[PDB]
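Chemist:
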Ligand SMILES: Nc1ncnc2c1ncn2[C@@H]1O[C@H](COP(=O)(O)OP(=O)(O)O)[C@@H](O)[C@H]1O
Ligand code: BEF
Ligand SMILES: [Mg+2]
Ligand SMILES: [Zn+2]
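Residue numbers (the entry's author numbering), protein chains in the order written: chain F, -2 to 366; chain G, 121 to 366; chain B, 1 to 360; chain A, 1 to 333.
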């Protein structure tokens, strides 16, 4: 009757248990947050584990006879019993009173459990944004914009990605002060305008839960949390508050002097500059001339390096000294064959873009000279 | 200056087996200073290694083929641990030197030296039960797996299991301060009265780990006496587990 | 047949049900209604004064569908989820449990994430004065620029250990220990609503024994009901308070001064039944005499420690000449000197009080 | 440079922001208010964002130095706030500050906050490097003599009418705790929009949050204010101060006073004060103490102090506060 009946081989239960064991750290803020929520319903077992900030749920199909139910069981206990059985063990878990009875041949366990209804409240989510996209684009967005995320900053909002979910072009933006990275991809369907800031703990988990396959990535975004969906595994992450500086407002609109250069040669030059770079402010200067890029590396130890790059330019003479890491990681994320860019004197943003596509862009500001 | 009271010319793998049989059942910083070590005993062509801590006893009695006068010395825990750290699984003929106060070992191209604990090791013979009438003979690996399964939920601060012995089935029951129960059943061949006996599952598991055999025999007397564990097909080494109060 | 504990069953649910702390309630209401709520509110009072109750009510005011206001509503979703203790983003932290700077940092990593429900993510830390200095500095650093929907609530019994810099970040409220009148009236209301027969003198004894704390009053009321089968008479409360009495040294001084031998004997026998160490009793008697002498020297010698028995101490200082105080102090000093070598000290203390009474 | 007080920085800030501001003082409230005013004026003049760094032996000087040459992608201007330790700078921190001073430019409204530096720290390369145009603001706590005037002036600033009795009560309850004093003024303004804070109106909304040092108690004893001395003892005990340091300062100044009283019949008080290196601000107080205190009172005070220290150092430490109050009363007769 009130006996959540459950029966599965341990092979189909080992991996989902490990998947839902992520948020379960050492000491949970709430006591019940140190447990797993087990639900047998509609011929499916749902495993839920939460950290009051992120939730991971794994679903497994059920073929053995069962009775629907729900119960919250100790995390590390249940995992230890499930893992400690011999290979091929057929675990049969039942609910008697307030106890999980785990039976397997001649082995019997009676674990103490918490009511299912006392596990926070994983409801009230009325998502206003819902979209499914291929894995390649989801990976590419964060490949493009992960480097430019600020970490351990007083401004909380700078520590997370911004998914700009508006119109049809889905965008991801990450600005670490001077560094700005934006990437736009068409997903297929129109949708209202939203700007959602996802914490680093959310995107770092997203990257581990994206794998190659036929996954549609049914992403549901609400006002305070974002949720991702693979067919068997689903994930939830809260959102970091604060506003966000408008990337489009700091994009160079008026100026039009364009510079073109290769990628790999710039890679080698900037990597050589980074080797034994400036001790304190590891940034170097450049003099842009007509179809010419001179780069100088200066150090507090008088160390000087000068190189000349043959490029395409149709503008004026400018002198601009940046931080090498910023442009290095910008080019690394852009990963194209040739880069178009613009940079002007005084205080003006250096824009870097793929010469073949405008789906991604980067903004870097030099230092004082 | 050295007077070798007892000199062994023995295979190093042999004493490796001897020490590995009894290493775990040893006292660490115990009040009884004479137990903070391991007893080397010599009886004719037989070398014996005894180690106890008041809750466990592990004796390994192995023939060596060479006759020596009877003797008994105690080597501290640090000395035997260092010997095991240095002892390997090779063919070098190890040479043990026993004096009045010190232990020495010539091992291929290495020399190991240590002092001896000034004390008298207790007589292990009376520790062994004198009426080993009840016998539980079962596969060693099956017992290890069952005990590990029952000890999954056992806590470090509360480690202990109750054995219910019946006509055939052996029941291992484990509780915890969280008040959750674990039970395992085995088809050990047995014939005797039903009984209940509690021991620390860690000590029993260590005893089984020391026994690399296909099956073992446990000798039992009653619910309040110690239990002996031995190889069902060999008498080279025996173990004693003192029961816990319930 | 519930018969639940009257302490939490009668915790205030609306601000109008809080006894005392009227200025604090007015300030909170004014901040909730017209002004902008300060980013951090600290509460400091005595044991059983209302601190956590006020903080919980303020958090209820913060998160509610009616909006951020003083008296939001009744039986709403957020108000009920707080009253049942099941609210998600109403984080409740014991500072002593998380004095470690690492645990504090982990706690302060949660402020960035948005609230799960309501409007504001409210943190309620109890006994905040026990936080380590590094954890306290981290708390100040997260309080200088909090998120626009993240608020902190702090409580502590003794705010004197808090560094002054906490005043630079949070608005503090001090809750005055309730007097006899307010505690007595609240207990009368509780008993009237619970249909408990009682007498006004019993309520007065309970309130005086409470020593300003309403939780103490409720606990003593529960004990009085338990012993008296609901019939809370004056004699029952008086007897069960005498069972808990520990003012023996003061009564001994009063009776020894009054040359009341039988009273001193009864009180010393009661102290023996209490199982009190005699050396400690004699040294605290010496302390009481010294305090009487000092308050005779100057009225300001007294503090808030003896603010429970200050009336009798003032009377003793007024009525007793200093020469008698010096003689009694010398007698008790020599009695304590000779106590270890006396017979069983239960009678050594007696005979020292005898010598004191001899100066009549 | 330009050395000012909190009442003058508001007028100075409208004359044009300088290269750097040094907020020096032991009062958290004055430092906080001056920093807030500087930040508000900077925001008015175009400084949008601000960065805070506490100077620690593990200070990321590379981060701050890069911040000197860190431009602003989306922002335009920037400030830079430094929180000096309680003991001030040393060789390494002062060299880093000298480099930072060399790194100032049109932007970088460098703000420095901490406690007042010593004469040795005064004569330093970094301090002289910005010694042409920086603005230094003294933010020391007003003492007992000037506290009533200060609280009256702030009440006038806050459009609050205060009485002499209310001023005395606020100075008594919140001495050395002007953060709590301003919070109390704001609370009284909120509770009573009338603004006429009578004595009963302030008696019901203040709590004893004053903070004292042992030197405050020593000065109270020297002046002979028994009530003030007992209040200081109560505040120190509630704060949890160790009585040993109180006994130590008492012993030092009492031994000096006993020497002075013994030598008074031989040498005039002026030369005795000069030889014993007595500060000018306390010479009158100590002369008054010498005049009031007799040799018998000094001997009794030494006896009581010796008994108290013997009680403490024998690992008992029981009711030492009663003995301290006894000594306080004895020295105030
Ligand atoms: N002002 C008050 N109004 C109503 N009940 C109170 C009040 N102060 C204390 N109590 C009672 O005491 C119990 C505990 O109160 P609490 O506010 O936790 O005291 P504390 O200040 O020591 O944390 C409450 O459940 C309530 O019953
Ligand atoms: F909860 Be209180 F401070 F007793
Ligand atoms: Mg409390
Ligand atoms: Zn409500």
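All residues carry an ideal CB built from backbone N, CA and C; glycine is no exception.
1. Using 8 Å as the threshold, is the stretch 266 to 277 of chain G in touch with the stretch 302 to 310 of chain G, meaning 3 or more CB pairs across them?
2. Find the residues of chain F that neighbour residue 69 of chain A, judging by a C-beta separation of less than 7 Å, and give them in chain order.
3. Within 8 Å (strictly less), CB to CB, does residue 294 of chain A reach chain B?
4. Against residue 77 of chain F, what residues of chain G qualify as contacts under a CB-to-CB distance less than 9 Å, listed in chain order?
5. Just list the alpha helix (DSSP H) runs in the stretch 233 to 290 of chain F, keeping only unbroken ones of 4 residues or longer that don't cross its boundaries, in chain order.
6. According to DSSP, what are the bridge partners of residue 136 of chain A?
7. Strictly under 8 Å for the Cβ-Cβ distance: is residue 73 of chain A near chain F by that measure?
8. In the structure shown, what three-state DSSP assignment does residue 175 of chain F receive?
9. Would you report the Cα separation of residue 85 of chain F and residue 79 of chain F, rounded to the nearest angstrom?
10. Do residue 108 of chain B and residue 142 of chain B have their beta-carbon atoms positioned less than 8 Å apart in this structure?
11. In three-state terms, what does DSSP make of residue 2 of chain F?
12. Could you check what DSSP says for residue 183 of chain A in three-state terms: helix, strand or coil?
13. Mind pulling the beta strand (DSSP E) runs of 3 or more residues that sit fully within the stretch 35 to 104 of chain B?
14. So, is the C-beta of residue 294 of chain B closer than 8 Å to a C-beta in chain A?
15. DSSP beta-bridge partners for residue 319 of chain G?
16. What's the call for residue 230 of chain G, buried or exposed, on a 16-neighbour Cβ count within 10 Å?
17. Going by the beta-carbon positions, is the gap between residue 3 of chain F and residue 54 of chain F smaller than 8 Å?
18. With a threshold of 7 Å, establish whether the CB of residue 387 of chain B neighbours any heavy atom of ligand 4.
19. Find the residues of chain A that neighbour residue 174 of chain B, judging by a C-beta separation of less than 7 Å, and give them in chain order.
20. Can you list every residue whose CB sits closer than 7 Å to some heavy atom of ligand 4, going in chain order?
21. Could you have a look at residue 196 of chain F and say whether DSSP puts it in helix, strand or coil?
22. Which residues of chain A have a Cβ atom closer than 9 Å to the Cβ of residue 192 of chain F, listed in chain order?
23. Between residue 98 of chain B and ligand 2, is the CB less than 7 Å from at least one heavy atom?
24. Could you name the residues of the same chain whose beta carbon sits closer than 6 Å to that of residue 161 of chain G, not counting the 5 residues immediately before and after it, in chain order?
25. When the Cα atoms are used, what is the spatial distance from residue 232 of chain F to residue 152 of chain B?
26. What residues of chain F sit near residue 62 of chain A, judged by a beta carbon separation below 7 Å?
27. May I ask which residues mark the beginning and end of the alpha helix (DSSP H) holding residue 324 of chain B?
28. Can you check whether the C-beta of residue 180 of chain A is within less than 8 Å of a C-beta belonging to chain B?
29. Distance cutoff 8 Å, beta carbons only. Does residue 393 of chain A sit that close to anything in chain B?
30. Compare the C-alpha of residue 286 of chain F against each of F/293, F/312, F/275 and name the closest.
31. For residue 36 of chain B, collect the residues of the same chain with a Cβ closer than 7 Å to its Cβ; drop the 5 residues on either side in sequence, then sort them by chain order.
32. Apart from the five residues on each side of it in sequence, which residues of its chain come closer than 7 Å, Cβ to Cβ, to residue 92 of chain F?
33. Count the CB pairs spanning the stretch 246 to 260 of chain A and the stretch 300 to 314 of chain A that are closer than 8 Å, and state whether there are at least three.
34. Given a cut-off of 8 Å, decide if residue 213 of chain B and residue 11 of chain B are closer than it, judged by their beta-carbon atoms.
35. State yes or no: is the C-beta of residue 4 of chain A within less than 8 Å of the C-beta of residue 135 of chain A?
36. Cα separation between residue 195 of chain B and residue 227 of chain B?
Modeler: For this structure:
1. yes
2. Taking the first residue of the fourth chain as 1, we reach residue 69 of chain A at position 69. Under the 7 Å cutoff, chain F gives 278, 364, 365.
3. Position 294 of the fourth chain, counting from 1, holds the residue named residue 294 of chain A. Closer than 8 Å: no.
4. Working through the first chain from its first residue, we reach residue 77 of chain F at position 80. Within 9 Å Cβ-Cβ: 272, 273.
5. 261 to 271
6. Here residue 136 of chain A is taken as the residue at index 136 of the fourth chain, counted from 1. Per DSSP, A/3, A/22.
7. The count along the fourth chain starts at 1 and reaches residue 73 of chain A at position 73. So yes, residue 73 of chain A belongs to the interface.
8. Stepping through the first chain from its first residue, residue 175 of chain F is reached at position 178. Of the three classes helix, strand and coil, the one that applies to residue 175 of chain F here is coil, per DSSP.
9. Residue numbering aside, residue 85 of chain F sits at position 88 when the first chain is read from its first letter. Residue numbering aside, residue 79 of chain F sits at position 82 when the first chain is read from its first letter. About 11 Å.
10. Here the question's residue 142 of chain B lines up with position 142 in the third chain. Here the question's residue 108 of chain B lines up with position 108 in the third chain. Contact flag set, yes.
11. As a working note, residue 2 of chain F is residue 5 in the first chain. Strand, per DSSP.
12. As a working mapping, residue 183 of chain A is identified with position 183 in the fourth chain. It is helical.
13. 40 to 44, 90 to 94
14. By one-based count along the third chain, residue 294 of chain B stands at place 294. Yes, residue 294 of chain B lies at the interface with chain A (some Cβ there is under 8 Å from its Cβ).
15. Within the second chain, numbered from 1, the residue matching residue 319 of chain G stands at position 199. DSSP output for residue 319 of chain G lists G/281 as bridge partner(s).
16. Indexing the second chain from 1 puts residue 230 of chain G at position 110. It counts as exposed.
17. Position 6 of the first chain, counted from the start, is the residue given in the question as residue 3 of chain F. Position 57 of the first chain, counted from the start, is the residue given in the question as residue 54 of chain F. Not a contact, by the Cβ cut-off of 8 Å.
18. Nothing in the structure corresponds to residue 387 of chain B, since chain B is present only between 1 and 360.
19. Taking the third chain and counting its residues from 1, the one referred to as residue 174 of chain B is at position 174. Here the neighbours are 207.
20. B/60, B/64, B/65, B/66, B/72, B/73, B/76, B/78, B/79
21. In the first chain, counting from the first residue as 1, residue 196 of chain F sits at position 199. Of the three classes helix, strand and coil, the one that applies to residue 196 of chain F here is coil, per DSSP.
22. Here residue 192 of chain F refers to the residue found at position 195 when the first chain is read from its first residue. In chain order: nothing, as chain A lies at least about 15 Å away.
23. Looking up residue 98 of chain B in the third chain gives position 98. No, since every heavy atom of ligand 2 falls outside the 7 Å radius drawn around the Cβ of residue 98 of chain B.
24. By one-based count along the second chain, residue 161 of chain G stands at place 41. Hits under 6 Å: 168, 192.
25. For the purposes of this step, residue 232 of chain F is taken as the residue at position 235 of the first chain. For the purposes of this step, residue 152 of chain B is taken as the residue at position 152 of the third chain. Answer to the nearest angstrom: the Cα atoms are 29 Å apart.
26. As a first step, residue 62 of chain A is located in the fourth chain; it is residue number 62 there, counting from the start. Going along chain F in sequence order, the residues near residue 62 of chain A (Cβ under 7 Å) are 277.
27. On the third chain, residue 324 of chain B is found 324 positions in, with the first residue counted as 1. First-last of the alpha helix (DSSP H) with residue 324 of chain B: 322 to 338.
28. Indexing the fourth chain from 1 puts residue 180 of chain A at position 180. Closer than 8 Å: yes.
29. No answer is possible for residue 393 of chain A: the residues shown for chain A start at 1 and end at 333.
30. Taking the first residue of the first chain as position 1, residue 286 of chain F is located at position 289. The candidate whose alpha carbon is nearest that of residue 286 of chain F is F/312.
31. Within the third chain, residue 36 of chain B is the residue found at index 36, counting from 1. Same-chain partners within the cutoff: there are none.
32. As a first step, residue 92 of chain F must be located in the first chain, where it is residue number 95. Within the same chain, residue 92 of chain F has close Cβ partners -1, 0, 1, 66, 68.
33. yes
34. Here residue 11 of chain B corresponds to residue number 11 of the third chain, with the count starting at 1. Here residue 213 of chain B corresponds to residue number 213 of the third chain, with the count starting at 1. Contact: no.
35. The residue you call residue 4 of chain A lines up with position 4 of the fourth chain. The residue you call residue 135 of chain A lines up with position 135 of the fourth chain. Cβ atoms of residue 4 of chain A and residue 135 of chain A: closer than 8 Å.
36. Residue 195 of chain B sits at position 195 when you count from the first residue of the third chain. Residue 227 of chain B sits at position 227 when you count from the first residue of the third chain. Looking at the two C-alpha atoms, the distance is approximately 17 Å.
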